[PDB]
Amino acid sequence: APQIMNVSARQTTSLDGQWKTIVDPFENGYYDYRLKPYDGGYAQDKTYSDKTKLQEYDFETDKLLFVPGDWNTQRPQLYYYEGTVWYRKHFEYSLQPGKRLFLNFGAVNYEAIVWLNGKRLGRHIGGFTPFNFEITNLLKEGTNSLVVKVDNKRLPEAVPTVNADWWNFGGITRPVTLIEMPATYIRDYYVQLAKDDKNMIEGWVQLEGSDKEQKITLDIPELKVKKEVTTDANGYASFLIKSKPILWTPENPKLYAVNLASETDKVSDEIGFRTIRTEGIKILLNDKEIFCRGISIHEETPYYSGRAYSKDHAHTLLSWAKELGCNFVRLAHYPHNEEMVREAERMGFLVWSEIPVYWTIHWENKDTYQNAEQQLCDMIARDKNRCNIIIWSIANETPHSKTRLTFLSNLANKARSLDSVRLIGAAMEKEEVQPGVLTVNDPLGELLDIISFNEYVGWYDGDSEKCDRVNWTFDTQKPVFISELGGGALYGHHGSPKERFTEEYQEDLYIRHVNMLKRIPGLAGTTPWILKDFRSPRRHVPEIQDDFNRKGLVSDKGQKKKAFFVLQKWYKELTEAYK
Amino acid sequence: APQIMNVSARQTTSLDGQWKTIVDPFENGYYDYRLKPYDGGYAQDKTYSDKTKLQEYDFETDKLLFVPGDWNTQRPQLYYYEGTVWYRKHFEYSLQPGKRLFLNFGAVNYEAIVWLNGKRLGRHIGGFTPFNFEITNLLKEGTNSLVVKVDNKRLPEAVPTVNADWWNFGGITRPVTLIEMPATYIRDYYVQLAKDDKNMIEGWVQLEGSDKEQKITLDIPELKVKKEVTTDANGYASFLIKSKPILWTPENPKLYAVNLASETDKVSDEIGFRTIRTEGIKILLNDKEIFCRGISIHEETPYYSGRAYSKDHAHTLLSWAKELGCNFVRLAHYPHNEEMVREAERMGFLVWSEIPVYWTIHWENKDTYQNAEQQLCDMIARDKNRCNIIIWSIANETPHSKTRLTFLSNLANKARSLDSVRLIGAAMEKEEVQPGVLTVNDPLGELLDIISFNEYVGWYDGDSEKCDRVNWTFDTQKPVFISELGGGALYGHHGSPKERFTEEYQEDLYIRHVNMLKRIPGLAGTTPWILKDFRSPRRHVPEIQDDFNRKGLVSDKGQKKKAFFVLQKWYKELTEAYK
Amino acid sequence: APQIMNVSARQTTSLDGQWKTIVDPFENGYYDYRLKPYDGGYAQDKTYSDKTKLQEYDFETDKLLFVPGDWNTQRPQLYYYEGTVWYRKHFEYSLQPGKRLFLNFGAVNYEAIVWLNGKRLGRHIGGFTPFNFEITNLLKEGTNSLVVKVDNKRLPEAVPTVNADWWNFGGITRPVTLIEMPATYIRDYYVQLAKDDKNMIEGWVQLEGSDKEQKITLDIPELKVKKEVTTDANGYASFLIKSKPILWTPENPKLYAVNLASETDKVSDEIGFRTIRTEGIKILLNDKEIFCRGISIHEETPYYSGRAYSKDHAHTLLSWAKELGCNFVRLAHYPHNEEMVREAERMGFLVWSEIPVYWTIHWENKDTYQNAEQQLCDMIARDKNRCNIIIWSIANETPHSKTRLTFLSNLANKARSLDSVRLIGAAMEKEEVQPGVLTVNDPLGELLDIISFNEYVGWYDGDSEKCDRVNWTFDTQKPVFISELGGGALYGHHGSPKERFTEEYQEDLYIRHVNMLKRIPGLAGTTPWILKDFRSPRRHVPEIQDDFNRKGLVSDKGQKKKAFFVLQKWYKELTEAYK
Ligand SMILES: O=C(O)[C@H]1OC(=O)[C@H](O)[C@@H](O)[C@@H]1O
Ligand SMILES: O=C(O)[C@H]1OC(=O)[C@H](O)[C@@H](O)[C@@H]1O
Ligand SMILES: O=C(O)[C@H]1OC(=O)[C@H](O)[C@@H](O)[C@@H]1O
Ligand SMILES: [Cl-]
Ligand SMILES: [Cl-]
Ligand SMILES: [Cl-]
């Protein structure tokens with residue numbers, strides 16, 4: 001049940017493919033007509049072979065869905081579907097006596113309940129974080145039955161809550177993986193530069209199993225590092241290593257082969273090293289002032305606009321951001337699949353990583369907070385060794401209230417207790433305190449390392465001309481980071497620059513908006529909204545939006561709109577200026 | 001806002017056809033990103049003509065839906081859809097000064113919010129009862145804008161609640177009608193035999209408007225009845241008329257032309273006269289002992305299985321019940337459209353009329369009770385002059401608890417206060433107190449005129465053989481009425497009589513079940529479940545159920561299964577026996 | 001092999017329900033990659049149990065379609081589908097040796113190839129006529145396999161050809177029925193009044209089998225008719241019977257029970273008696289001058305607009321025609337299912353019955369002619385005992401050419417050789433010889449008993465005003481019969497009477513058109529186009545047509561448009577005038 005670090009480097013076997021499925025809007029497979037749990041629900045996966053008896057379902061003859069994937073793009077009937085879909089997989093696995101076996105879900109939105117061979121393994125909430133179950137002693141010989149009850153109903157108390165500006169993609173949205181482990185295994189580990197220290201690698205390792213006291217070697221061959229330690233009675237060891245690694249940058253995204261070997265287990269990784277801090281209004285990477293030439297990205301695929309999960313999806317999306325001139329991507333509004341973060345790391349993109357504490361979260365609900373903090377912990381735990389991540393984001397466009405501030409302050413404190421190195425951010429919002437004077441007056445700012453916020457001057461707030469007659473002031477010397485900006489346009493839809501949703505309007509907006517950006521004191525980064533048009537049930541203009549947010553600089557079909565080249569040109573200028 | 005009696009006989013103009021629609025799962029047209037109501041939502045029906053400004057919707061270029069109808073069968077994407085769909089209609093109407101105009105909805109499931117020309121008229125809950133709004137002084141010249149926000153999300157506190165065995169058909173499911181009235185009009189009236197009195201017609205009439213004190217004439221030309229009264233200061237008058245009408249029966253469903261004429265209004269109706277009472281275990285129609293040779297029917301169409309609304313739909317369904325040998329139909333589990341009740345009345349079918357107080361209603365919720373009692377009142381108010389209705393049903397398969405009993409007792413008392421003539425029923429459930437001994441031990445029975453209940457011996461409770469080894473006893477001498485019984489089968493699916501869901505199993509079940517029925521003391525009626533296969537999201541056997549309850553004696557494609565003729569044969573015997 | 005009269009009255013077993021199907025556009029199940037027919041294709045119906053061998057199909061685990069029905073309305077993917085769909089059904093049947101068994105198809109559009117237990121039974125072309133195969137010797141014990149390859153590709157040489165104004169509904173569109181016969185059975189018979197004779201019933205009976213020479217008795221008990229004859233060695237016998245039947249009329253559609261008994265077979269029927277002839281410009285029914293107050297009707301269902309096949313469908317459609325005031329229905333453009341003709345027979349509608357010799361048939365193709373003549377023969381053979389049919393129509397809107405005239409003259413001669421009683425028609429077209437003067441100048445008229453033609457003054461030919469100013473003349477004294485007229489409208493779409501496709505334009509058109517009809521010399525009948533909106537792939541106005549011909553006086557959803565009441569009022573007047 002605890003998280004497993006670096007699943008892809010383990011002895012893995014995929015369960016992906018096409019699974020049997022039952023769409024169950026009234027949850028008949030779980031509740032009887034008295035609304036009570038009952039024995040003989042769909043978790044038993046009883047093939048309906050003996051028709052002298054009555055049952056009301058049969059996985060064996062029902063329809064398939066692809067796993068991994070959202071269900072919404074797989075059948076017209078499931079486009080809007082919010083509720084329960086049952087998934088069922090049969091598999092065999094020969095597990096040598098003494099070896100251990102874990103079932104890992106990359107993500108399931110939103111609620112997953114999991115059974116193996118009719119026995120409940122457990123339950124998960126949160127649609128974008130991984131979870132696993134040990135099945136070592138539950139695996140049978142011959143056919144095993146895996147049943148997953150997936151529900152994506154929107155809940156007021158959930159994280160996210162009943163309103164958000166993206167599609168409610170339900171299903172087993174990321175790979176399902178069997179992981180074989182030795183009886184005592186390296187479960188988790190951390191290897192990164194010490195805070196603000198180009199010359200000191202620090203880290204720790206955590207074993208799980210009955211043989212917790214072991215010698216461990218941390219091996220970084222290219223650095224001629226070979227450090228041996230011994231774990232304590234809890235299976236834990238730490239280390240400090242003086243070294244001079246070549247530091248990762250967007251221009252040279254250097255990664256090192258890192259090998260961990262205990263007496264009973266071994267795992268290899270690719271890990272880069274960098275320092276990150278603010279100094280006044282400056283963002284310093286490896287002690288050098290940088291500008292975050294960024295773009296925002298949802299976890300949604302080119303062309304068919306389903307939930308992204310593969311290296312293919314990531315490489316295409318990031319290849320567009322590369323052509324745009326970016327050294328930075330904001331992955332909104334939740335943890336993305338690990339392939340996306342890894343491809344950003346290898347290709348040279350700094351990353352903003354976020355949890356979906358989005359809009360009107362139930363700040364007074366203690367279960368809601370525990371959910372948000374669990375997603376925070378899981379986000380950091382999975383990716384703590386990804387040096388390209390420099391900002392953890394704890395919220396996006398949340399309304400001001402005392403309970404909200406308390407909620408978010410506790411998340412910010414928790415984040416810092418988990419990771420003293422990376423910057424803490426959150427998408428705040430702007431105000432126009434007096435005509436023409438724009439600022440960010442949000443008490444949340446005091447808990448953040450950057451003045452990060454969304455603003456839509458020239459789209460939601462005025463026509464494009466308004467960019468020309470506003471200026472920005474901030475009452476603190478922290479780097480200013482505009483985490484969203486921009487406007488909508490349909491690729492191939494042309495007209496006057498005054499006509500909204502034409503490419504020409506969006507282009508004119510970006511020209512005047514960039515001019516405004518150039519006047520902002522302390523500006524250190526921009527991640528305009530957004531790289532690719534994406535699905536949203538709040539975008540209803542027929543033939544223009546058609547259930548897509550159209551603020552992409554690239555269409556959902558991979559076409560660069562006119563405004564793409566306005567931002568590209570400015571990012572080219574910023575690249576030269578920050579050399 | 002008060003109900004209008006006999007809408008079809010008024011000066012009516014249809015608004016049916018195809019309306020503009022916006023599917024809005026996150027209710028963006030109603031709530032902003034702070035989850036607050038906002039000015040400029042979709043109720044304003046602003047055509048998106050000026051694209052120099054931003055808006056996120058446009059009825060004028062969006063997709064159509066048919067009105068009336070469920071949305072589920074109209075688009076694959078809407079099959080399972082639970083949530084909000086906006087409907088918009090433009091119309092003109094020339095209303096002579098001084099005349100009044102009402103907007104009548106036959107039904108909208110589940111919640112309707114209605115605007116005219118951007119102004120909210122009001123809101124309705126309950127998916128099967130009519131409601132109207134006066135628009136006399138809101139109608140403009142030229143184009144008028146009617147916007148209806150329809151939501152069919154299942155609510156725990158709603159009536160019905162989050163679980164039921166039929167499809168959640170959302171939409172404007174019955175005709176939308178403009179009704180023109182004189183300035184003071186006959187709004188409501190009642191004309192029926194006095195309780196247990198073949199020779200006394202009683203009734204009342206209710207005017208609405210400023211000229212409430214008027215002479216009124218009740219005219220029944222075939223009976224040579226011409227009774228003149230005067231209304232009181234509240235617009236109310238009553239009457240008692242000694243007369244010898246030919247009494248309505250299933251064999252001779254006699255209706256009389258009834259004309260009401262006040263000084264300012266007039267309306268004609270077709271009304272029949274009959275007495276109905278129990279005497280011990282006997283049901284007496286016009287003092288004659290009858291058997292209710294019935295069949296249950298959902299409000300769902302032949303062939304395409306959408307929500308039924310027209311005389312065409314009713315005539316086809318009732319023509320099947322006629323061929324089956326029925327003199328009675330149970331219209332489950334909610335008030336059906338008025339065309340169905342009228343066609344039953346004209347063709348000669350006694351009727352059981354029901355409200356959807358079904359399964360796990362929230363008995364302790366005072367809003368829930370007020371909803372249930374309002375639906376009860378509206379059900380009786382619409383159809384109080386339909387002499388073929390002899391049973392009002394207040395519940396179906398509700399679990400035993402003190403709060404439930406209090407809830408249902410209040411409904412039963414309310415029903416009797418509204419209608420002293422018709423019988424009060426409810427589908428109770430059976431118990432097997434000792435092996436082979438079946439009875440109905442439910443305290444609700446004390447408040448009902450009949451021992452009405454569902455039982456599924458040979459389908460849910462045992463195989464068909466169990467019918468042969470059980471018997472029934474009842475501790476009170478009230479007529480026994482089995483409101484559901486039977487089993488499932490796919491038309492065209494054949495095999496051994498031991499194989500469930502074959503026609504042969506269903507046939508064998510009905511043979512043994514009818515033999516069991518013939519042994520029941522006090523049996524006075526049966527409405528087996530069901531006439532036609534119907535949609536249910538709780539029926540998941542692939543290729544057999546496919547989201548249909550298969551307990552029809554007729555398939556959803558109009559095909560008579562083998563079991564149809566078993567019940568037909570018994571009903572033929574009962575017809576002879578009760579001559 | 002030959003047609004069987006009155007299938008419904010035989011010992012029938014339905015094979016309807018849901019069948020396994022395979023969509024096969026490239027006909028992989030029939031042709032190999034050299035485009036050669038191969039054996040081992042899909043007609044073998046080999047369940048794919050042994051996966052150590054290679055096979056490219058499996059009926060056993062493939063998708064279902066309803067039989068009977070078009071495929072087009074059953075799946076979105078099959079909406080436009082033109083090509084091959086394979087259908088498969090398993091059944092058991094116990095046949096006592098000596099008894100015979102036939103497989104009857106009410107209709108399959110367009111080409112059907114049929115196999116039983118892997119052996120080809122034969123082939124049929126023509127989408128609207130029934131066909132039979134004897135399977136007496138091919139029936140096996142246990143599971144029998146019936147496979148039908150159905151193809152509705154449009155062919156230039158087909159009847160109809162590659163262009164027509166209705167949907168290409170493919171599939172097994174009418175019931176599939178097993179018919180058990182004695183070894184020598186009554187295959188066909190004819191019982192009708194002799195030409196122009198109110199007192200002489202003439203007829204013949206045709207036996208089939210090895211004992212064709214038998215005593216036959218024809219009983220009409222209500223008429224006290226008992227006639228015994230003996231068939232010849234060819235199985236044939238004729239009879240002449242003096243009687244005085246009550247003559248069938250639309251107002252009193254009298255039918256008699258007719259019983260035929262041979263030594264080894266017997267069959268009952270319901271048959272009515274009437275005379276029909278022209279007299280100058282008069283049509284006389286039972287010697288009485290009548291007007292054919294008609295409406296045209298396609299074989300398409302109310303509400304969901306699939307292919308009609310059942311008594312339910314027929315009754316709904318014809319109940320609309322009854323309310324419209326019709327005594328006559330034109331069933332276009334092909335033979336309708338037998339339920340429609342029988343319901344028109346019992347409800348009191350005279351019938352025009354037609355074969356799809358429509359538009360640009362290949363007049364020079366000898367196979368095309370034999371196909372048309374076979375459909376003619378089959379149409380008349382099936383319904384020759386339906387006294388409500390008074391017109392056989394051999395064509396609709398065919399271009400004038402010498403070869404077309406020869407083709408149609410041969411059909412007309414064949415029709416007359418098969419039926420000396422009923423009238424011969426065909427939908428001709430009009431022309432404007434001189435400005436403002438319309439007539440029918442088609443040499444086909446010489447071969448018809450009526451001057452029957454389609455005209456669209458006010459819709460295709462001018463605006464509605466043109467109806468007010470044109471005059472008509474005809475150079476022969478045969479009854480004039482307008483077989484189509486009218487215009488399109490969307491129900492619920494209102495505007496100026498000058499705006500085409502509004503109900504008001506259509507209403508204004510019918511008012512002016514009806515007045516035009518009153519001055520057409522010789523007019524004896526009208527069947528306006530059309531009763532119900534119907535599917536056509538030539539009707540592309542979005543939101544108005546949406547792939548429907550909108551010329552219905554009733555919408556596809558059963559709603560009477562304004563123009564319905566214009567024609568109803570004229571038919572009310574004609575009913576009084578012709579009393
Ligand atoms: O409105 C928009 O387009 C975007 O604006 C925002 O500030 C939201 O954070 C983002 O999720 C929306 O998609
Ligand atoms: O289970 C069934 O088929 C039926 O049984 C019942 O008792 C319910 O009242 C009915 O709504 C269900 O459809
Ligand atoms: O154009 C029309 O609406 C109709 O006109 C005709 O003359 C055709 O015979 C008919 O099949 C078409 O549907
Ligand atoms: Cl947008
Ligand atoms: Cl069922
Ligand atoms: Cl049209």
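So you know, we letter chains A, B, ... as the sequences are listed, proteins then strands, and number each from 1. Side chains included, hydrogens not; waters and symmetry mates left out as well; all remaining heavy atoms used.
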Problem set entry | B:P130 backbone acceptor or donor facing B:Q3 side chain under 3.5 Å | yes
For this session: State, without any angle test, whether B:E373 and B:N410 hold a side-chain donor-acceptor pair at a distance under 3.5 Å.
Result: no
For this session: State whether B:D151 and B:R123 are salt-bridged, where the test is any N-O pair (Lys NZ or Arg NE/NH1/NH2 against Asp/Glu carboxylate O) under 4.0 Å.
Result: no
Exercise. Quick one: do B:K311 and C:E323 make a salt bridge, cutoff under 4.0 Å?
Worked result: no
Exercise. Is a side-chain N or O of B:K119 found less than 3.5 angstrom from the main chain of B:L116, in a donor-acceptor match?
Worked result: no
For this session: Indicate yes or no for a side-chain donor-acceptor contact from B:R187 to the backbone of B:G209 under 3.5 Å, with no hydrogens or angles considered.
Result: no
Problem set entry | CD (B:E228) with more than 12 external heavy atoms under 6.0 Å | yes
For this session: Determine the interplanar angle of the B:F131 and B:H124 rings, folded into 0 to 90°, and report it as parallel if under 30°, tilted if 30 to 60°, perpendicular if over 60°.
Result: parallel
Exercise. Would you call B:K89-B:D45 a salt bridge at under 4.0 Å N-O?
Worked result: no
Exercise. Can you tell me if B:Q44 uses its side chain to pair, donor with acceptor, with the backbone of B:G118 under 3.5 Å?
Worked result: yes
Exercise. Can you tell if the side chain of B:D219 reaches within under 4.5 Å of the side chain of B:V225, non-hydrogen atoms only?
Worked result: no
Exercise. What's the verdict on salt bridge (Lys or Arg N to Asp or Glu O under 4.0 Å) for B:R330 and B:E484, showing C-alpha distance, side-chain angles and the deciding distance?
Worked result: CA-CA 9 Å; B:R330 170 175 188 228; B:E484 294 183 31; 2.9 Å; yes
Problem set entry | Side chain proximity check, B:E397 to B:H333, heavy atoms < 4.5 angstrom | no
For this session: For the pair B:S296 (side chain) and B:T527 (backbone), establish whether a donor and an acceptor sit closer than 3.5 Å, ignoring hydrogens and angles.
Result: yes
Exercise. Heavy atoms, side chains only, cut-off 4.5 Å: are B:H315 and C:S319 in contact?
Worked result: no
For this session: For residues B:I172 and B:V67, report the shortest heavy-atom separation together with the two atoms involved.
Result: CG2-CG1, 3.8 Å
Exercise. Any side-chain donor-acceptor pair under 3.5 Å between B:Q214 and B:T264?
Worked result: yes
Problem set entry | Geometric cation-pi criterion B:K149 and B:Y30, 6.0 Å radius, 45° cone | yes
For this session: For the pair B:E339 and B:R342, find out whether any cationic side-chain nitrogen is under 4.0 Å from an anionic carboxylate oxygen.
Result: no
Exercise. Which of these passes ring pair (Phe, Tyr, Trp, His ring centres under 6.0 Å) with B:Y334: B:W166, B:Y110, B:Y358?
Worked result: B:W166
Exercise. Got a sec: does the NZ of B:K266 have more than 12 other heavy atoms crowding it under 6.0 Å?
Worked result: no
For this session: Specify whether B:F273 and B:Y256 have parallel, tilted or perpendicular ring planes, treating 30° as the upper limit for parallel and 60° as the lower limit for perpendicular.
Result: tilted
Exercise. Should B:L193 and B:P245 count as side-chain neighbours, where that means a heavy-atom distance under 4.5 Å?
Worked result: yes
Exercise. Under 3.5 Å, is there a donor-acceptor pair between the B:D70 and B:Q74 side chains?
Worked result: no
Exercise. Are B:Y189 and B:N6 close enough that a side-chain donor and a side-chain acceptor fall under 3.5 Å?
Worked result: yes
Exercise. Do you see a donor-acceptor pair shorter than 3.5 Å between the side chains of B:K532 and B:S305?
Worked result: yes
Problem set entry | Neighbour count >12 (heavy atoms, 6.0 Å) for atom NZ, B:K226 | no
Exercise. So, for B:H298 and B:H336, is the gap between ring centers shorter than 6.0 Å?
Worked result: no
Exercise. B:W248 and B:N286: side chain to side chain contact (heavy atoms under 4.5 Å, CB included), yes or no, with the steps?
Worked result: CA-CA 8 Å; B:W248 186 104; B:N286 304 326; 5.8 Å; no
Problem set entry | Heavy-atom check, side chain of B:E202 versus side chain of B:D197, under 4.5 Å | no
Exercise. Can you tell if the side chain of B:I394 reaches within under 4.5 Å of the side chain of B:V357, non-hydrogen atoms only?
Worked result: no
Exercise. Does the pair B:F534 and B:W167 meet the rule for a side chain to side chain contact (heavy atoms under 4.5 Å, CB included), with working shown?
Worked result: CA-CA 8 Å; B:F534 65 95; B:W167 209 260; over 6 Å; no
For this session: Tell me yes or no: between the side chains of B:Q206 and B:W204, is some donor less than 3.5 Å from an acceptor?
Result: no
For this session: Look at the side chain of B:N168 and the backbone N and O of B:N152, then say whether any donor-acceptor pair between them is shorter than 3.5 Å.
Result: yes
Exercise. Heavy-atom distance under 4.5 Å between the side chains of B:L447 and B:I424, does that happen here?
Worked result: no
Problem set entry | Donor-acceptor pair, side chain of B:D24 and main chain of B:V85, under 3.5 angstrom | no
Problem set entry | B:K215 atom NZ: more than 12 heavy-atom contacts under 6.0 Å | no
Exercise. Could you walk me through whether B:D383 and B:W392 pass the side chain to side chain contact (heavy atoms under 4.5 Å, CB included) check?
Worked result: CA-CA 11 Å; B:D383 287 359; B:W392 303 119; 4.3 Å; yes
Exercise. Distance from B:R422 atom CZ to B:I390 atom CD1, nearest 0.5 Å?
Worked result: 10.0 Å
Exercise. When rounded to the nearest 0.5 angstrom, what is the spacing between CG in B:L418 and SG in B:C377?
Worked result: 5.0 Å
Problem set entry | Under 3.5 Å: donor-acceptor pair, side chain of B:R10, backbone of B:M5 | yes
Seminar exercise, completed: To the nearest 0.5 Å, atom NZ of B:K242 lies from atom CD1 of B:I201 at 12.5 Å
Exercise. Just wondering, do B:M340 and B:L318 contact through their side chains at under 4.5 Å, heavy atoms?
Worked result: yes
For this session: Please check if the side chain of B:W115 supplies one atom and the backbone of B:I113 the other of a donor-acceptor pair under 3.5 Å.
Result: no
Exercise. Which is it for B:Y190 and B:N385 under the side chain to side chain contact (heavy atoms under 4.5 Å, CB included) test, yes or no, and what are the steps along the way?
Worked result: CA-CA 6 Å; B:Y190 175 70; B:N385 295 317; 3.3 Å; yes
Exercise. Any sub-3.5 Å donor-acceptor pair from B:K414's side-chain atoms to B:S417's backbone N or O?
Worked result: no
For this session: Answer with yes or no whether the side chains of B:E157 and B:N365 bring together a donor and an acceptor at under 3.5 Å.
Result: no
For this session: Scan side-chain atoms only and decide if B:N259 and B:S268 contain a donor-acceptor pair under the 3.5 Å cut-off.
Result: yes
